[PDB]
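Here's the structure, in structure tokens; my notes come after.
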Amino acid sequence: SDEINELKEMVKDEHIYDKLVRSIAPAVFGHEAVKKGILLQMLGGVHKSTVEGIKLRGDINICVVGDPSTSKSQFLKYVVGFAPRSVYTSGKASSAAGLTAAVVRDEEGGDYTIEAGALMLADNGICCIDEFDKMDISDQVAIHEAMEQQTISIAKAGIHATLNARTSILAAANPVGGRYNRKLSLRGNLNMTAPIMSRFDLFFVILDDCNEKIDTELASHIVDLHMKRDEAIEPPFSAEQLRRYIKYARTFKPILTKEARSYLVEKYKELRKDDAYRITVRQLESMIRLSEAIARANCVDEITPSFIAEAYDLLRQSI
Amino acid sequence: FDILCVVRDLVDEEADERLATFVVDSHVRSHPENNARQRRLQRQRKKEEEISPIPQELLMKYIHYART
Amino acid sequence: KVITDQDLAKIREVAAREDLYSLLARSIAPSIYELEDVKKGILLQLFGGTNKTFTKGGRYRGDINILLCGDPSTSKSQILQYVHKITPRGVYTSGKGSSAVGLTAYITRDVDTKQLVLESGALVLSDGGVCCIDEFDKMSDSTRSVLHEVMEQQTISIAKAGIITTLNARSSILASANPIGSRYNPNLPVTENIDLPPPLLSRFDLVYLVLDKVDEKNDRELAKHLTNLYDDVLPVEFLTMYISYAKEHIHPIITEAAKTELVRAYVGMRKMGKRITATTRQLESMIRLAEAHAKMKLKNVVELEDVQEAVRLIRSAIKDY
Amino acid sequence: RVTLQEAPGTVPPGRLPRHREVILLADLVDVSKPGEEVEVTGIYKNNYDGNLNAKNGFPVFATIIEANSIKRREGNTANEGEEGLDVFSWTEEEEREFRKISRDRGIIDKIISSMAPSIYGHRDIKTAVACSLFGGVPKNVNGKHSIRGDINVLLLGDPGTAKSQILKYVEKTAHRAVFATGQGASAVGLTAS
Amino acid sequence: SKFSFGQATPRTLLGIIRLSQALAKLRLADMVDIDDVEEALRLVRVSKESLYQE
Ligand SMILES: Nc1ncnc2c1ncn2[C@@H]1O[C@H](COP(=O)(O)OP(=O)(O)OP(=O)(O)O)[C@@H](O)[C@H]1O
Ligand SMILES: Nc1ncnc2c1ncn2[C@@H]1O[C@H](COP(=O)(O)OP(=O)(O)OP(=O)(O)O)[C@@H](O)[C@H]1O
Ligand SMILES: Nc1ncnc2c1ncn2[C@@H]1O[C@H](COP(=O)(O)OP(=O)(O)O)[C@@H](O)[C@H]1O
Ligand SMILES: [Mg+2]
Ligand SMILES: [Mg+2]
Ligand SMILES: [Mg+2]
């Protein structure tokens, strides 16, 4: 009963949406833009299936690019220790399994056996990859199906199977060069090809400046983290409150209103026009995915044009 | 390979508008929220009738019969 | 088969000594000549920083990692052997070495019993101690990934043989490396010479480049020392006991003066360089080094002297870099 | 007798599968072929096993399944909403309905339009898919010349033009279908090993 | 230059003293003499340089 009163109090707040963004990974300093992406990914989107067995993805994938020592790893670490299901891995996976599945045969008589991978183990969760820009060739090709079809298909000697991989990928990558070259486009700075780049719903770029004020603010904050210990971190909502609210939000399955539908088509038309190739059909569904996640954060069962507009800005920021 | 099907993605106002409208309509149609068994079957049939002139299960049976 | 009140009194008396830092540095490596800075860094690594268990923040590691790279002529393996002899917990390993047990956990078969057994690797067995890796240059890709995971998450995860488990690996690393050729070329950068990924090389708090430059004076003194081998020094047992007691009991805490000094030092280092002279990692490394130095003096409070010593050790390695 | 094993899809990720021994009596033999995914309706039975007892050290009884019915679940994940042992089988009334449908003039257009109804256009990728699904007639001239009677289709297109969805629909509709990925398939994983 | 096999190192020293001690053991005289050290040095030179220069 006491928890229910707290839950109702949170949704009653007018500034609830802002507080949740500010309550994600409080250790990180001054990266509200990245925090908003992580919050929406946890809420996710409604999973739908058509009338003839065709599945429509409802998971949000986020890729973070930044210069060394920019808190890229810290974001993955927080997600690993907070979300219910999650796995921490790296592109240069040690295991013969890797990101995806692999086949191993006990020597002699014993037949080939399936060994789980990073993506497999994080089924129905979030798989955080530390270095996406160093994945194996095998994985790079293999991850094509996992990110969209949500399955892993293997056909090896004596074994054939389709493996569920319903996960959301939160990857961190470094620029192709030493640092992010602002002159070049995001495509140039990244080793990723066009197919993979389209499968990511959001992109975030973190830069490393040299201003004295920024350095002083960041330097002091780290020190107080060790000095004041927990007292330094005072988010609007604790981890327990945020975890409970997120679970409550995931129960909602918001729909698209008539006004939102017409507005949704117009925004996609504008986005495609500016591209003429980062924009494709996958981005039309991405706005639907983000719109549902934004609605869940507000605990509302109908998606309004305002939510659609907010999704539009997030995709534009990625370009 | 007997048949080759080349697929091109080109920016066009009318094509983009129509494709987006159809995709949005399909997404709304498949929303999970949107006798009891008979009622479920009837509503599923009504949903299917919009986009397919032939029932899917009947189509699979037809294909199997024609092949055999 | 072939700690008491007096021990605590002796420890406190030794701590009260003014020249405790130099005494410990000398006692660590009596047989190594003219590597004071390396010995000081090794001592600070041995004592280690404060482990923080944060609510809302997560886990911040207090370990210190040091890389010993340079010419092959200089003494580098003897330092690792000494560190093993001193550290209460640790294991000796060489990359790509069959003799060693291994750096990562693995699932094996008990020949004796014909049973499935999960055996922990060298890094896991070093939990809370110092793991010395003699030959860092030659190492498997898999092993490199395991090392990266250990130095990033401090835990080893295995999901093979039907077993899904995570093993604690909260251990420090003191590795050694050699150049690609017969010597280290000063003209080329350290990254090219050591032949290691920039990512893995950027995680070590202190990087030491011990180079055997041909100098008449240095060569003569080294010859004198070596031929004579054919300032008080502490016994190895007492040094190990002191390190164990300090690591078990004393827990330093940062003060306002330490905060101000750390902030000023980081700002100054950043302002030196556009070229980036230092990053945020160079601040956590300084914090860990200052905490370790405070641990060495059996102090529960980090003061300005510890921060001054930390900036200096960190700066000297950066200057080599 | 067959060795039934937990399907990779249903087993928890990273955990060893469990298995049971299924006994197939008369009229049930050869209906299930190795490597397939099936649903087994049977009787759960136990019996005394001496070696089991010996090995375990406890009075533990061996267990088996006496098969009553088998349903081929291979490649039929999306068809689990239907009823009957075989969803591709037909009745006499359904055959009459098929004849009535076929007699219509515009049957081919309807068949093409019914291929992947959720995909907006690509009426050239739907026609090819329908033709491949129905296939041709193999021929053997005088017993000396053999002519293939199947149609192969290749889709070479842009990243987001709904090709994988078309392949999934074909897998669902086809009586016997197998799905494989680029690098996930070996030279002897295809064919025979 | 590139002709050298490798730079002399303290290991070369220890080897020189080892060879001198072995030669002294050969001589059956406790004290290591300068002749033994010179012989060890000439052996070191002729092991490699004598044939390389040819
Ligand atoms: N905005 C920030 N707020 C707090 N700490 C920060 C911030 N940016 C960087 N740091 C510090 O940077 C240190 C190193 O960064 P981190 O371990 O998160 O990975 P990274 O260096 O950005 O990534 P990578 O390993 O890919 O190079 C962290 O301990 C964190 O304390
Ligand atoms: N400062 C020093 N004091 C004493 N001995 C030294 C010193 N520097 C070098 N040496 C001598 O150099 C030799 C180096 O031997 P060591 O086993 O340490 O080599 P290493 O670093 O492992 O070599 P490599 O890279 O060729 O494998 C030893 O004989 C050691 O006595
Ligand atoms: N013509 C179309 N009609 C309806 N939906 C489409 C169309 N083209 C693409 N989509 C949507 O975009 C996504 C395309 O992904 P997919 O086809 O699996 O990638 P690939 O083409 O590389 O296999 C699908 O989820 C699908 O719903
Ligand atoms: Mg990182
Ligand atoms: Mg060595
Ligand atoms: Mg595809």
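Scheme for the structure tokens: letters A, B, ... for chains in order shown; per-chain residue numbers from 1; ligand numbers from 1 in order shown.
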Hey, which residues sit close to ligand 6? Say within 12 Å, counting only C-alpha atoms and all ligand atoms, and write them as a PyMOL selection string. (chain A and resi 141-151+195-196+198-199+282) or (chain D and resi 155-168+180-182)
Which residues are near residue E:38? Cut-off 10 Å, only C-alpha atoms, ignore same chain within fewer than 5 positions. Put them as a ChimeraX atom specification. /E:16,20,33,43-44
Any chance you can output those residues with N, CA and C atoms as a CSV table (one decimal), in the first residue's frame?
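Done, and the output landed in again_31.csv:
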chain,number,residue,atom,x,y,z
E,16,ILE,N,81.4,-13.1,-18.9
E,16,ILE,CA,82.9,-12.9,-18.8
E,16,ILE,C,83.4,-13.4,-17.5
E,20,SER,N,85.9,-16.6,-16.9
E,20,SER,CA,87.1,-16.4,-16.1
E,20,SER,C,87.2,-17.4,-14.9
E,33,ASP,N,93.6,-15.0,-12.4
E,33,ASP,CA,94.7,-14.3,-13.0
E,33,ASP,C,94.2,-13.4,-14.2
E,43,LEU,N,88.5,-15.2,-26.5
E,43,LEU,CA,87.5,-16.2,-26.9
E,43,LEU,C,86.2,-15.6,-27.3
E,44,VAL,N,85.8,-14.6,-26.6
E,44,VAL,CA,84.5,-13.9,-26.9
E,44,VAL,C,84.7,-13.2,-28.3
Do you have the atom CA of residue A:232-atom CA of residue C:54 distance handy?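 Computing it gives 10.7 Å between the two atoms.
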Do a neighbour search on residue C:296 at 8 Å with only C-alpha atoms, toss out local chain neighbours closer than 5 positions, and write the hits as a ChimeraX atom specification. /C:21,44,47,246
Let's have the selection written as a compact mmCIF listing (two decimals), in the first residue's frame, with N, CA and C atoms.
# COMPACT_ATOMS: atom_id res chain seq x y z
N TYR C 21 59.97 6.43 3.89
CA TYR C 21 59.79 6.20 2.46
C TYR C 21 61.06 5.65 1.83
N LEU C 44 54.27 1.98 -3.66
CA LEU C 44 52.93 2.56 -3.61
C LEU C 44 51.90 1.59 -4.17
N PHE C 47 51.25 -1.12 -1.39
CA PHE C 47 50.33 -0.66 -0.36
C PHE C 47 48.93 -0.47 -0.91
N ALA C 246 49.12 -2.76 7.08
CA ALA C 246 48.67 -1.50 6.51
C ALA C 246 47.48 -1.71 5.59
Would you mind listing, as a VMD selection string, all residues of chain C that have at least one atom within 10 Å of chain D, where only C-alpha atoms are what counts? chain C and resid 159 to 164
Compute the chain C side of the contact with chain E at 12 Å, counting only C-alpha atoms, and hand it back as a ChimeraX atom specification. /C:71-75,181-183,212-214,218-227,229-230
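With the cut-off set to 7 Å and only C-alpha atoms and all ligand atoms counted, the residues surrounding ligand 5 are residues 76, 77, 134 and 135 of chain C.
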Can those selected residues be exported to a file as a PDB file, in the first residue's frame so that it contains N, CA, C and O atoms?
ATOM      1  N   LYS C  76      64.499  -6.196 -15.030  1.00  0.00           N
ATOM      2  CA  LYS C  76      63.049  -6.049 -14.957  1.00  0.00           C
ATOM      3  C   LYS C  76      62.363  -7.277 -14.382  1.00  0.00           C
ATOM      4  O   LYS C  76      61.373  -7.138 -13.661  1.00  0.00           O
ATOM      5  N   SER C  77      62.862  -8.478 -14.683  1.00  0.00           N
ATOM      6  CA  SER C  77      62.269  -9.689 -14.127  1.00  0.00           C
ATOM      7  C   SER C  77      62.625  -9.858 -12.654  1.00  0.00           C
ATOM      8  O   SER C  77      61.813 -10.365 -11.871  1.00  0.00           O
ATOM      9  N   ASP C 134      55.263 -11.578 -16.523  1.00  0.00           N
ATOM     10  CA  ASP C 134      56.645 -11.345 -16.930  1.00  0.00           C
ATOM     11  C   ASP C 134      56.741 -10.902 -18.385  1.00  0.00           C
ATOM     12  O   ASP C 134      57.471  -9.956 -18.701  1.00  0.00           O
ATOM     13  N   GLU C 135      56.018 -11.568 -19.282  1.00  0.00           N
ATOM     14  CA  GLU C 135      56.128 -11.339 -20.723  1.00  0.00           C
ATOM     15  C   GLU C 135      54.773 -10.873 -21.250  1.00  0.00           C
ATOM     16  O   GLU C 135      53.947 -11.679 -21.682  1.00  0.00           O
TER      17      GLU C 135
END
Please identify all residues of chain A having at least one atom at most 10 Å from any atom of chain D, considering only C-alpha atoms, and return them as a PyMOL selection string. chain A and resi 50-56+100-102+113-123+137-142+144-145+148-149+151-165+194-196+198-199+279-283
Exercise: stretch 37-40 of chain B partners within 12 Å, only C-alpha atoms, chain neighbours under 4 positions left out, as an NGL selection string: (:B and (44-47)) or (:D and (81-82))
Quick one: distance from atom 1 (N, counted along the ligand's line) of ligand 2 to atom CA of residue C:320 in Å, one decimal?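 One can read the atom 1 (N, counted along the ligand's line) of ligand 2 to atom CA of residue C:320 distance as 18.4 Å.
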To one decimal place, how far is atom CA of residue C:177 from atom CA of residue C:194 in Å?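 For atom CA of residue C:177 relative to atom CA of residue C:194, the distance reads 6.6 Å.
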May I ask you to extract the residues of chain B within 7 Å of chain D, using only C-alpha atoms, and to give them as an MDAnalysis selection string? chainID B and resid 1:9 19 22 26 51:54 60:64 67
Give the residues close to ligand 4, within 6 Å, counting only C-alpha atoms and all ligand atoms; write them as a short mmCIF file (atom, residue, chain, number, x, y, z; two decimals) with N, CA and C atoms, in the first residue's frame.
data_model
loop_
_atom_site.label_atom_id
_atom_site.label_comp_id
_atom_site.auth_asym_id
_atom_site.auth_seq_id
_atom_site.Cartn_x
_atom_site.Cartn_y
_atom_site.Cartn_z
N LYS A 72 32.28 7.04 -21.52
CA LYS A 72 31.57 6.10 -22.37
C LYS A 72 31.32 4.79 -21.64
N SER A 73 32.36 4.24 -21.01
CA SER A 73 32.21 2.98 -20.29
C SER A 73 31.28 3.13 -19.10
N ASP A 130 31.40 -2.92 -25.20
CA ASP A 130 32.33 -1.85 -24.85
C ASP A 130 32.96 -1.23 -26.08
#
Can you work out which residues are within 8 Å of ligand 1, considering only C-alpha atoms and all ligand atoms, and then hand them over as number ranges by chain? A: 27-31, 66-75, 130-131, 172-174, 218, 221-222; C: 60, 152, 199, 279-281, 284
